[PDB]
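Here is the naming used below: chain letters follow the sequence lines, and residue numbers restart at 1 for every chain.
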There are 2 protein chains.
Amino acid sequence: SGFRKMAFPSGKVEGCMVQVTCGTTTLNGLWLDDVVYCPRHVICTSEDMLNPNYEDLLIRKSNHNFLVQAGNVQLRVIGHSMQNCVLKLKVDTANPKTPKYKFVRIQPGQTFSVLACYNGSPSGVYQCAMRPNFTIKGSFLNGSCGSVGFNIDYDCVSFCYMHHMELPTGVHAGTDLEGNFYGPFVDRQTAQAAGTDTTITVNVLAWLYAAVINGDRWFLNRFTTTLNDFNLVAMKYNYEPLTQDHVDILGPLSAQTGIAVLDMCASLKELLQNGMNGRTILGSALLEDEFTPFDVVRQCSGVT
Amino acid sequence: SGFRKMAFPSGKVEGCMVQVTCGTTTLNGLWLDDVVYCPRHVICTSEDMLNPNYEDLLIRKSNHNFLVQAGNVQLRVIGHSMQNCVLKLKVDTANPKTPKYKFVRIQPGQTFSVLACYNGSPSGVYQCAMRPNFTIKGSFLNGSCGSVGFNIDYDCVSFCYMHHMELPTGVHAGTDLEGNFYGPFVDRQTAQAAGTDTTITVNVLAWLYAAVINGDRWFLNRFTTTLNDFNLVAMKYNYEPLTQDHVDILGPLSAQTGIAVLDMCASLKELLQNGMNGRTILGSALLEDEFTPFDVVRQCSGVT
Ligand SMILES: Cc1ccncc1NC(=O)[C@H](C)OC(F)F
Ligand SMILES: Cc1ccncc1NC(=O)[C@H](C)OC(F)F
């Protein structure tokens with residue numbers, strides 16, 4: 001019993017964190033096999049960030065200009081290349097702690113853990129979600145760039161995010177491990193506004209199922225709804241439209257609790273229309289959307 | 001920018017998790033140097049838990065009855081002893097992954113990270129607090145016993161909690177690493193009620209300072225209060241009394257923000273009396289109390 005915002009155990013990712021320095025800029029890198037991945041803005045000064053031409057800036061850099069340190073020992077850089085917004089620094093030594101891994105590009109609404117790092121050293125781990133506007137709501141200070149987001153399936157780490165920037169609104173943007181930004185963001189010190197941060201409806205429903213499994217049941221009502229009726233309400237409250245694909249993904253939770261997905265939609269419809277009336281669900285006074293249906297099943301079953 | 005419920009990187013603790021089996025019961029153990037620490041109720045059957053005489057049950061167990069497995073390899077048990085509610089299983093091999101460590105008994109209101117484990121394998125990491133009633137609000141299923149709570153200072157892991165039980169109300173109780181339960185709880189399958197779960201006032205104030213640092217400032221008002229006036233309000237709302245010791249601990253946050261501790265107390269007094277009026281602070285619709293002043297400083301400065 002109990003339900004917490006849980007992150008994946010970070011050990012396999014901690015063993016990959018290194019410090020990358022180029023000139024006067026230091027950030028984090030991810031060392032997998034004989035390659036170190038890091039944000040390409042490591043080659044920029046604060047002045048360069050205003051309007052950088054990364055291809056031109058890179059011409060002035062050689063392998064010996066990228067200082068890579070794993071703990072207290074120096075890695076020898078034998079090659080460098082730019083792939084989209086990430087630099088790939090080939091080193092002469094394979095990381096002995098390289099876990100089984102994959103690079104995945106996640107979709108909005110999916111969750112992952114972040115190992116926040118500074119100077120190649122891990123500071124903490126937290127769980128977050130790729131928002132529908134392609135930003136993440138993290139906790140990152142200057143020096144955290146190159147910190148990564150990931151999911152774990154048994155012994156395989158799927159890296160999905162690398163931190164690159166903070167928007168002027170305090171929200172965060174980054175890339176997948178191929179260097180492609182999520183959303184329309186660019187690695188430039190220019191104000192870039194984020195779109196509507198809508199609520200991840202399928203995740204709220206998954207979290208309501210988690211609440212019922214854990215005994216918080218006050219919000220269950222005598223009503224049902226349809227996908228089209230529910231979606232009129234979701235539109236009004238800046239919630240993502242629920243589809244039959246989302247209903248299908250909620251199937252195991254509906255089966256375990258015996259609460260039909262459309263009945264849980266009607267409970268959510270009432271919570272949106274009436275509010276919580278000073279009450280809480282799983283220790284929260286708002287509707288939580290950073291648990292996927294898979295996260296709920298995993299936590300509720302104890303998958304290791 | 002941004003402020004998250006962050007757990008310590010769990011790698012150093014993952015390297016200590018092992019599986020302990022005695023008879024038909026399996027739970028987690030903590031392997032440090034040549035000792036494996038685990039809850040003494042590993043020697044009980046479900047029937048024994050009703051009224052166990054641990055000293056008598058232990059007489060029927062020998063070193064070879066405690067099966068300890070670290071990953072896929074078996075540890076040889078060369079001694080066993082009971083210290084309060086924990087068993088200490090001496091093994092013939094020192095854990096090569098033993099980090100620098102200490103055993104600490106924490107006070108109510110202090111936070112720590114939990115590495116939830118099943119069958120010796122880590123499932124996830126989350127942050128929580130020792131409540132004023134000596135329970136923790138965790139996420140633990142059957143098989144999670146022996147999972148530990150800890151804090152990290154640079155390279156030293158301070159273990160403070162070992163999970164032993166779930167109360168009939170869905171809250172959790174456990175011991176320090178000396179086997180002494182926090183609070184009045186016992187390792188018996190008897191209903192034991194928890195006391196008033198009061199709010200950790202110093203932690204709420206610390207979190208309001210974190211909110212101001214991150215730009216959420218709507219709750220700042222034109223008022224001040226006194227410790228005695230604030231405490232009358234804290235009493236009414238089941239908040240812990242604020243002392244001059246708590247004010248002193250909030251000093252660095254008061255210094256950084258320029259907001260006097262008693263002025264922040266007056267903001268909190270108004271939030272208690274008026275509610276949030278449908279607004280949020282750091283993504284929360286309630287007053288968060290599971291960040292200590294030390295946690296706020298650490299996260300706001302990027303300590304690794
Ligand atoms: C300051 C800071 C704080 C937290 N997270 C990231 C950054 N860093 C940036 O925004 C970098 C400078 O720009 C990126 F787009 F290239
Ligand atoms: C069931 C369960 C689920 C989650 N956490 C712990 C337990 N386990 C217990 O309560 C054990 C049986 O009693 C302890 F007091 F000795």
Side-chain angles (χ1 to χ4, degrees), chain A residues 7-20 22 25-44 54 58 66 68 70 75 77-91 93-118 120-122 125-131 134-136 138 140 143-166 172-187 292, chain B residues 9 11:
Chain A
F8 288 98
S10 59
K12 286 158 187 265
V13 175
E14 291 171 49
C16 308
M17 303 310 306
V18 297
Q19 179 190 78
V20 180
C22 185
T25 303
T26 293
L27 45 57
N28 305 279
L30 180 71
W31 182 25
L32 295 169
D33 303 326
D34 61 353
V35 181
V36 173
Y37 301 82
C38 76
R40 66 174 176 177
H41 74 251
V42 71
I43 69 175
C44 301
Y54 287 101
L58 203 50
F66 298 96
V68 183
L75 295 185
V77 180
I78 60 169
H80 67 272
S81 68
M82 179 168 63
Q83 181 182 10
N84 300 310
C85 304
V86 301
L87 295 181
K88 285 188 295 189
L89 305 178
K90 193 194 185 169
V91 291
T93 306
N95 182 359
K97 302 180 193 170
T98 301
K100 281 177 187 169
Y101 74 92
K102 285 181 172 164
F103 287 168
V104 306
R105 183 175 177 82
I106 63 164
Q107 286 293 299
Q110 295 300 122
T111 62
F112 58 98
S113 302
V114 174
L115 179 62
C117 292
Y118 298 85
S121 294
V125 65
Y126 59 84
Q127 189 75 355
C128 71
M130 175 58 57
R131 303 307 310 168
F134 295 103
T135 64
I136 76 166
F140 290 113
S144 61
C145 298
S147 291
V148 300
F150 61 93
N151 283 271
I152 309 174
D153 191 5
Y154 170 52
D155 60 355
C156 184
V157 184
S158 286
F159 294 100
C160 57
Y161 181 85
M162 177 166 279
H163 186 50
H164 290 241
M165 67 194 308
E166 192 165 64
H172 305 116
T175 71
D176 58 21
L177 272 295
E178 302 192 333
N180 292 125
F181 266 89
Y182 283 99
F185 308 110
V186 295
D187 45 2
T292 63

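A donor-acceptor pair under 3.5 Å links the side-chain atoms of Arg105(A) to the main chain of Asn180(A), judged by distance alone. Listed for the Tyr161(A) side chain is a donor-acceptor partner under 3.5 Å among the backbone atoms of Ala173(A). Not one N or O on the side chain of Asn151(A) forms a donor-acceptor pair closer than 3.5 Å with the backbone of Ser158(A). At distances below 3.5 Å, not a single donor-acceptor pair connects side-chain atoms of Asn95(A) with backbone N or O atoms of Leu32(A).
Nearest approach of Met165(A) to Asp187(A), heavy atoms of both residues: SD-CA, 4.3 Å. Of all non-hydrogen atoms in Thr25(A) and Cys44(A), the two that sit nearest each other are OG1-O, 2.9 Å. Between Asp33(A) and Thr98(A), the closest heavy-atom pair is N-OG1, 2.9 Å. The two residues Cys160(A) and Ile106(A) come nearest to each other via the heavy atoms CB-CG2, 3.4 Å. Residues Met17(A) and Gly120(A) come closest through the heavy atom pair CB-O, 3.6 Å. Counting all heavy atoms, side chain and backbone alike, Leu27(A) lies closest to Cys38(A) at CD1-CB, 4.1 Å.
With ring centers used as reference points, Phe185(A) lies 6.0 Å or more from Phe134(A). For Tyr101(A) and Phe103(A), the gap between ring centers is short of 6.0 Å.
The aromatic rings of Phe8(A) and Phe150(A) sit tilted, their planes meeting at an angle between 30° and 60°. Note on ring orientation: taking the six-membered ring where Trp is involved, the planes of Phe66(A) and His80(A) are tilted (angle from 30° to 60°).
Counting heavy atoms from C-beta on, the side chains of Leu89(A) and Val20(A) come closer than 4.5 Å. Under the 4.5 Å side-chain criterion, counting only non-hydrogen atoms from C-beta, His172(A) is in contact with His163(A).
Under the side-chain contact (heavy atoms from CB on, under 4.5 Å) criterion, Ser81(A) pairs with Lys88(A), sequence neighbours left out.
A donor-acceptor contact under 3.5 angstrom links the side chains of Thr175(A) and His164(A), judged on distance only.
Residue-environment remark: CG (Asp153(A)) stays at or below the threshold of 12 foreign heavy atoms within 6.0 Å.
The line from CG of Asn84(A) to CG of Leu177(A) is 12.0 Å long, rounded to the nearest 0.5 Å. One finds the OG atom of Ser144(A) at 11.5 Å from the CG atom of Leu115(A) (value rounded to the nearest 0.5 Å). Atom OG1 of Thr111(A) is separated from atom CD1 of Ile136(A) by 12.0 Å, given to the nearest 0.5 angstrom. Interatomic distance, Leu87(A) CG to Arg40(A) CZ, rounded to the nearest 0.5 Å: 8.5 Å.
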